[PDB]
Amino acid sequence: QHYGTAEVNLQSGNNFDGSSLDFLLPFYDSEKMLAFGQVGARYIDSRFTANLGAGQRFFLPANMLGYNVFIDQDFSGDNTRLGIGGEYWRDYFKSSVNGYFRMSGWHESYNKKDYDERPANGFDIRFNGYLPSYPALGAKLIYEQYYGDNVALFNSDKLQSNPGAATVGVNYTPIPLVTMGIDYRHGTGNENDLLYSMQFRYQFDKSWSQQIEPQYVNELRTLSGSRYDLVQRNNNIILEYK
């Protein structure tokens, strides 16, 4: 009957501690094409942010191409951002690229006394792969890049010019319902951080028992099982300061 995904994320490790809930909700669903909306919110790094997007995914037997557009709103700091994303996915392999475009201007900072803040423009490229012979095991590679004289990519107490970072992570999905992982990130100025995270994933089209059985993890990681996965993007609005 119903199709799509609800996902809770819990994360900790430093600056971006908190929780989130997101939904992927199809409005047109055929073998060749899916059109969907995605909506969610999060309380992370002492800010409340909500996000609304839509896109399409186009399917071939061996691959999927997709695009999406997002509006990101940090209600705590009143910062607004436009997002655009592309997708190229296959069995056991999900690649995405995302662009992050400021829609609001300088204004008095929410967290930093004596500063103005606004969204930092940037992009990221994201890969998630799963071992085909043991798909419960996944790896994550991200490159991200942001622009401005004083950007807070790692935290807002160490501001940096045009910072970039590479993330490498591993994660484990014993059953489709839950994924746990650890992400290591290294960036400019020799910044490093660690992110521990757990996701609870509910698939609307799956029975309860299917979602707590290890044998359905492989299905989830194939192209056709992954079709309702959330967009891979950063839903947090990275800020710059002046």
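Counting begins at 1, following the sequence as shown.
Set 91-99 against 157-165 and average the Cα temperature factors; 157-165 ends up higher. As the entry records it, the average C-alpha temperature factor is higher for 11-19, out of 11-19 and 226-234. Residues shown: 38, 68, 179, 63. Highest C-alpha temperature factor in the entry: 63. Ranking 79, 121, 171, 111 by Cα temperature factor from the entry places 111 first.
Residue 104: CA B factor in the middle third of modelled residues in this chain (values from the PDB entry). Annotation for residue 57: CA B-factor lies in the middle third of the chain's modelled residues.
Placement of the Cα temperature factor of residue 73 within the chain: lowest third of the modelled residues, per the deposited record.
Among all modelled residues in its chain, residue 42 ranks in the lowest third by Cα B-factor.
In the deposited entry, the Cα temperature factor of residue 196 sits in the middle third of values across the chain's modelled residues.
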